[PDB]
Amino acid sequence: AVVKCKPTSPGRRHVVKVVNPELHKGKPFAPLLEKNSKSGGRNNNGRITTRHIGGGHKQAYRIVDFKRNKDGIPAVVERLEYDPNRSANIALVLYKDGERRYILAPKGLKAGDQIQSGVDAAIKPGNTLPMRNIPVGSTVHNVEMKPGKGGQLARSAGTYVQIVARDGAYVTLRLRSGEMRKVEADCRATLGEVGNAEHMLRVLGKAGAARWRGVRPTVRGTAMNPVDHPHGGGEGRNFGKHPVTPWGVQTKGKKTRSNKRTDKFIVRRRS
Amino acid sequence: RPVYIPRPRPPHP
Amino acid sequence: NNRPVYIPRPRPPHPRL
Amino acid sequence: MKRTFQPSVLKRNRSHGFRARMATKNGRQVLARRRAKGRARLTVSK
RNA sequence: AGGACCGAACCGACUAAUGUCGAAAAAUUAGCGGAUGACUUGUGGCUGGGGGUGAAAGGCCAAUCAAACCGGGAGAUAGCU
RNA sequence: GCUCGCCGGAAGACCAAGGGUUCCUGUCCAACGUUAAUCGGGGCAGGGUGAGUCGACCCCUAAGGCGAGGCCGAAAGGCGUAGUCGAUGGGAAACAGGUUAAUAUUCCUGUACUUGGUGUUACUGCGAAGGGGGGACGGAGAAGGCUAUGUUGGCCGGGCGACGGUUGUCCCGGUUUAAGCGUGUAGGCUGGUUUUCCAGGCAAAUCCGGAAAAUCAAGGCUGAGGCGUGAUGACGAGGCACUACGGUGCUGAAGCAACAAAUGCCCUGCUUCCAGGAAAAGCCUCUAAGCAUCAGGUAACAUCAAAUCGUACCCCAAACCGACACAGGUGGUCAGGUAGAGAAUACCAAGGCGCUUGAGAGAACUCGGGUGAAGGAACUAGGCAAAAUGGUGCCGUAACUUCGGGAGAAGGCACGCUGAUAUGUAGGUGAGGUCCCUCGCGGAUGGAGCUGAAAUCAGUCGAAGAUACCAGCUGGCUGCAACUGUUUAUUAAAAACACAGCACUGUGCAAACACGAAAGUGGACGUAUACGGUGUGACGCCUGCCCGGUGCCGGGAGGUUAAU
RNA sequence: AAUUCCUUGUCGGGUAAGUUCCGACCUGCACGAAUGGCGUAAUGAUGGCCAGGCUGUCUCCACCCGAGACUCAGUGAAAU
């Protein structure tokens, strides 16, 4: 649910909060937890490789089962939990054999729901089947690049892909970016759409909200001196230059895809 | 000359 | 006898331009 | 007025100690040079 | 509940006077801002010089920075004093 | 030695870091001390640091470092697996009193506790780098139960007093006692027990998880404080006997109750919120290999062991960092009385100090302050600086507005002391007795005693009752930036930077991009409701025309065009 | 106008007197719509202007309390 808080003080006027009443109010499942040390954008050389990363709340890592290899074992959704590492909420599911696991929660899940994996599975949302057995035109999420890889597409909140055609051993999918990609029919996919579709309606309100989310301030190139950025320099906000990245590459409409290896699997590009 | 034993002696507060 | 290790840094009070 | 030098034995030893010099070849050359000069103190010894 | 309010510790340095061979190679006195946070702080780590880091001033990187320090090329060169 | 003054959330008492004998005694005054010096953190000599329980060491691990093989690299070398290091974190155990010129939770007295080896006795399956549990964790907020501690009364000892009064509801001092052991409370958490079964826990499992039934409704875990013992012990005001006259020895009464009360404990609790809040070992538990007349484990007793290193002294400072015995800087713990909302402020206790040049005089002028006739910004670039306002309760409070604000708007009224209501109220706490008791740290009636606001009426004193310290100047128009925030350490704190929001653009995941001759790493254990770059900068109305030129994207008719 | 040379543009408000400030006109040297345009409550150790109170800022200084300055004793510098 989307709630607009009253402007009792500056910093709350523009805050829009997303509250999920069914989220679990308690500690997560300890056996599936792991420490997640922050990096601050530094690599093994200690240099900043990605800018505007650093600080933020400590967050642990939840081992989310993307592969979904438990074939033929019915499972029950114990509860839904908030995952700090993802935009989408995760669901703790207990299998009939006494094993608990974490999975991405599609839009339709609720406590007590039944989910099944493997080819011998129903069509209700939350079940994972090879894309060969998935009827054409259905909506799926958590699609696999290669058999057994795990699942990489449509993983954010409120994301999905469309199955448009199936030729031979390959299947064509329309991604959220409007791009058509050709994938092997052996790859697994999860029926339904990723939940928490209202995650995009938040606004964070103030500067501190983005600050404790792990994001550091961004400094414009114009504000910098010539020695630091290709922009910058001059008196009185002079630009007189084509927009470029800090390292000289021309941004603002220059294509940077240079693979020549996966192009065979691309049917259409973004428009 | 050089002393090399700066061991800690913390008296209970 | 000993060169002062520190040399104070002055200022230009009078631009004299 | 906080000054530049804030002593700390652990940091001094782990930074300029004898074992720190021997870790790298550049440090080994530093010791080699100071042996040649005949310095009494090869390094900062606790 | 709050990057909420007043206000000590704590952090910072807007104004004035004193001090400029000072008590001090930026301080003191009287006021002044923040003070549950984008806060502050102890200990220990990581990033090394055409490089680092920078809520971006050409700022900071051991009282030194439009290219640190030490040694070397080196008795550089100087139509100049 | 007697007065005076200063600090008293410190200028007191403790540490950590850092110093490295500055500690104590004897002796000396050359140099050192911003003066003298018999003195000293100075010189010389001697003395002083006592641990199974404190800490280090040690077991475990975070960031990170190193790194057998390995991958990569002209060489040097880079990265990294298994491993091994790395406390700023987790892991067994002691308190009180006394004593030295200088050490003590280390020495002595008293009373305890922890982990291992060996031996004896009675039982028994033991057995891992393997499995499971536990360790194990955020912010804010509120109440309850407490204690440290404080105040008063009672009790004990002493006093009745150089200027009037003071045997009295008067004055002064004391009224302290630990760890451990036993009991188990306020509070918090969770439903227990038995049986059967299961491709789950990289093998197995009596353990964990899951599924079934029968049974009871309780059990179990955690837990401050209190109460007994510890302790007919220690301590104890004071008194008495000697003083190398510094101090030593002996003796020793009372040692209770009520009220108030923490930032400390119950509480790693509870209730809420989104930003969702370490790891591993110690410990408990289950088994594989192996052995089950063994070995090993459990329970009790006896004995042995607990090594090595630090232990002085300073530690907001004359001993550390600033060249100095430098108006600076330096992390943590304890932190009393009166007034006060308070760790502010004033005056004080314990305790510590008067800051290592003095004595005179009482010019100009400088510095820091006090007061001021009449006027009241006429000063000046400018109300700079000063002056002024300043608290509590009640009444009252505009334009504008995003409906939250503006606002403490502005502007008025009363504040002392005494008596009465009421031989201190409302409230808080709550003894003894009485009745029950699923019977003790229990539940009702009850109010003794103690504590104690706020208000009204009357009276009364002063020029002044928020009397000292402490403690907003206010209002109107207007430019810029939405706001909190950040910045030129050491002349610029701003309209600059950032900001939430907005848009464009790139990126399909061996992602774009960045650091790297490369391996590899970050992006991200994320994947388009995501990530990077760029510009603008909350919110409301919006954001027009132009594709010539230069970029960017797409095209292919034709021309030109390298290596070969 | 943070933009305007001519310029103290012109008129009005405020003052006895206003190159500042506020309002209006447009002859915009040389504003202009995300290197964004125009408004905007709240906020600001932000720029400018006005009013009340308040005052030694001032007319115009006077006295007083302390630390130096001055004399005596001890120690004893510096730039040039």
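Below, chain A is the first sequence line, B the second, and so on; all start at residue 1. Note that these values count all heavy atoms, side chains included, but never hydrogens, waters or copies made by symmetry.
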Quiz item: Tell me: OH of A:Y95 to P of F:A211, nearest whole Å?
Solution: 16 Å
Quiz item: Side chain of A:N44, base of F:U521: donor and acceptor closer than 3.5 Å?
Solution: no
Quiz item: Is any side-chain N or O of A:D83 under 3.5 Å from a base N or O of F:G276, one able to act as donor and the other as acceptor?
Solution: no
Quiz item: How many Å lie between NZ on A:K25 and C1' on F:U272, as a whole number?
Solution: 8 Å
Practice problem: Return the nearest nucleotide to the side chain of A:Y61; candidates are E:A27, F:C525, F:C497. | Solution: F:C525
Quiz item: Looking across every strand, which nucleic acid part, if any, lies under 4.0 Å from A:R13 by heavy atom: base, sugar-phosphate, or nothing?
Solution: base
Exercise. Please report the C-alpha distance between A:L104 and A:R155 in whole Å, then the side-chain angles of each, then the deciding distance to 0.1 Å, and finally whether the side chain to side chain contact (heavy atoms under 4.5 Å, CB included) criterion is met.
Key: CA-CA 8 Å; A:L104 290 181; A:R155 270 167 65 146; 4.0 Å; yes
Quiz prompt | Near-parallel close bases F:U166 and F:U167 (centres under 5.5 Å, planes under 30°) | solution = no
Exercise. Go through the N and O atoms of the side chain of A:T245 and the base of F:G533, and report whether any donor-acceptor pair is under 3.5 Å.
Key: no
Quiz item: If every non-hydrogen atom of A:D97 is compared with every non-hydrogen atom of A:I73, which pair is closest and at what distance?
Solution: N-CG2, 4.3 Å
Self-check item: Which nucleotide in F:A498, E:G44, F:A530 has an atom nearest any side-chain atom of D:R14
Solution: E:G44
Quiz item: Please give, in whole Å, the distance from F:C273 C1' to A:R12 CZ?
Solution: 10 Å
Practice problem: Would you please confirm or rule out a distance under 4.0 Å between OP1 or OP2 of F:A530 and any side-chain N or O of A:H199? | Solution: yes
Quiz item: Under the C1'-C2'-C3'-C4' criterion, what is the pucker of the sugar in F:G416: north or south?
Solution: north
Self-check item: Quiz item: A:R176 side-chain donor-acceptor pair to F:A528 base, under 3.5 Å
Solution: no
Exercise. Would you confirm whether the neighbouring bases F:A217 and F:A218 count as stacked, given the thresholds of 5.5 angstrom between ring centres and 30 degrees between planes?
Key: no
Self-check item: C1'-based separation of F:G391 from F:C469 [nearest Å]
Solution: 13 Å
Exercise. On RNA chain E, check which nucleotide each of D:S8 and C:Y6 is closest to and give me the residue with the more 5' one.
Key: C:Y6
Practice problem: Report the pucker family of G:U4 (north if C1'-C2'-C3'-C4' is positive, south if negative). | Solution: south
Self-check item: A:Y82 aromatic ring stacked with six-membered ring of F:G276, 5.5 Å and 30°
Solution: yes
Quiz item: Looking at the strand neighbours F:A275 and F:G276, are the centres of their six-membered rings under 5.5 angstrom apart while the planes meet at under 30 degrees?
Solution: no
Quiz item: Within the modelled atom types, does a donor on one side and an acceptor on the other bring the side chain of B:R7 and the base of F:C309 under 3.5 Å apart?
Solution: yes
Quiz item: Which part of the nucleic acid, if any, lies within contact of A:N36, taking any heavy atom under 4.0 Å across all strands shown: a base, the sugar-phosphate backbone alone, or nothing?
Solution: sugar-phosphate
Quiz item: Is there a Watson-Crick or G-U wobble partner for F:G228 with both distances under 3.5 Å, and if so, which one is it?
Solution: F:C181
Practice problem: Mind telling me if F:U81 is syn or anti? Syn here is a glycosidic angle within 90° of 0. | Solution: anti
Practice problem: Determine the minimum heavy-atom distance between A:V119 and A:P130, stating which atoms define it. | Solution: CA-CD, 3.9 Å
Self-check item: Aromatic stack B:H12/F:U105: centroid gap under 5.5 Å, interplanar angle under 30°
Solution: yes
Self-check item: Where the chi angle of E:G7 falls, syn if within 90° of 0 and anti if not
Solution: anti
Quiz item: Between A:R176 and A:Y160, is NZ or CZ placed under 6.0 angstrom from the six-membered ring centre and within 45° of the ring axis?
Solution: yes
Quiz item: Over how many whole Å does the gap from A:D97 atom CG to F:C198 atom P extend?
Solution: 14 Å
Practice problem: Would you indicate, from the sign of the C1'-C2'-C3'-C4' dihedral, whether G:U7 has a north or a south sugar? | Solution: south
Quiz item: With syn defined as a glycosidic torsion within 90 degrees of 0 and anti otherwise, which applies to F:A292?
Solution: syn
Quiz item: Under 4.0 Å between a side-chain N/O of A:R216 and OP1 or OP2 of E:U53, yes or no?
Solution: no
Exercise. State plainly whether the residues A:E144 and A:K146 are in salt-bridge range, i.e. N to O under 4.0 Å.
Key: no
Exercise. Assign A:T222 to base, sugar-phosphate, or nothing according to its heavy-atom contacts below 4.0 angstrom with the strands shown.
Key: sugar-phosphate
Exercise. For E:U20, measure the glycosidic angle (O4'-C1'-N9-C4 for a purine, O4'-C1'-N1-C2 for a pyrimidine) and name it syn if it falls within 90° of 0, otherwise anti.
Key: syn
Quiz prompt | Heavy-atom closest pair, residues A:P230 and A:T245 | solution = CG-O, 3.6 Å
Practice problem: Please name the pair of heavy atoms, one in A:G150 and one in A:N142, separated by the smallest distance, quoted to 0.1 Å. | Solution: O-OD1, 4.0 Å
Practice problem: May I ask you to verify whether the side chain of A:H14 and the base of F:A500 hold a donor-acceptor pair under 3.5 Å? | Solution: no
Self-check item: Stacked pair F:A10-F:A11 by ring centres under 5.5 Å and planes under 30°
Solution: no
Quiz item: Do A:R220 and G:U35 have a side chain to base donor-acceptor pair shorter than 3.5 Å?
Solution: no
Quiz prompt | Distance-only donor-acceptor test, A:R213 side-chain atoms vs F:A275 base atoms, 3.5 Å | solution = no
Self-check item: Chi-based syn or anti call at F:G404, which uses purine or pyrimidine torsion atoms and a 90° bound
Solution: syn
Exercise. Among the candidates G:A41, F:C525, F:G276, find the nucleotide nearest to the side-chain atoms of A:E34.
Key: F:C525
Practice problem: Rounded to whole angstrom, note down the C1' distance from F:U536 over to G:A41. | Solution: 23 Å
Exercise. Please give the nucleotide sitting opposite F:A140 as a Watson-Crick or G-U wobble pair, both distances under 3.5 Å, or none.
Key: F:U271
Self-check item: base_contact_polar (F:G522 base, A:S39 side chain, donor-acceptor, <3.5 Å)
Solution: no
Quiz item: More than 12 heavy atoms of other residues, nucleotides or ligands under 6.0 Å from NZ of A:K67: is that the case?
Solution: no
Quiz item: Contact class for A:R269 vs. all strands (heavy atom < 4.0 Å): base, sugar-phosphate, or nothing?
Solution: sugar-phosphate
Quiz item: So do F:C546 and F:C547 actually stack on each other, going by six-membered ring centres closer than 5.5 Å and planes off by less than 30°?
Solution: no
Exercise. Tell me, please, if F:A112 and F:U53 meet the Watson-Crick or G-U wobble pairing rule with both distances under 3.5 Å?
Key: yes
Practice problem: For the pair A:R269 and A:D263, evaluate salt bridge (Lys or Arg N to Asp or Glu O under 4.0 Å) and give the outcome as yes or no after the intermediate values. | Solution: CA-CA 10 Å; A:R269 301 291 296 141; A:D263 287 13; over 6 Å; no
Self-check item: Base F:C515 to side chain A:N43, donor-acceptor N/O within 3.5 Å cut-off
Solution: yes
Exercise. Determine the sugar pucker of F:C235: a positive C1'-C2'-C3'-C4' angle counts as north, a negative one as south.
Key: north
Quiz item: Which groove of the paired bases does A:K252 contact, judging by side-chain heavy atoms lying under 5.0 Å from groove-specific base atoms: major or minor?
Solution: minor
Practice problem: Please work out if A:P246 contacts a base, only the sugar-phosphate, or nothing of the nucleic acid, heavy-atom cut-off 4.0 Å. | Solution: sugar-phosphate
Self-check item: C1'-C2'-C3'-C4' sign verdict for the sugar of F:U3, north or south
Solution: north
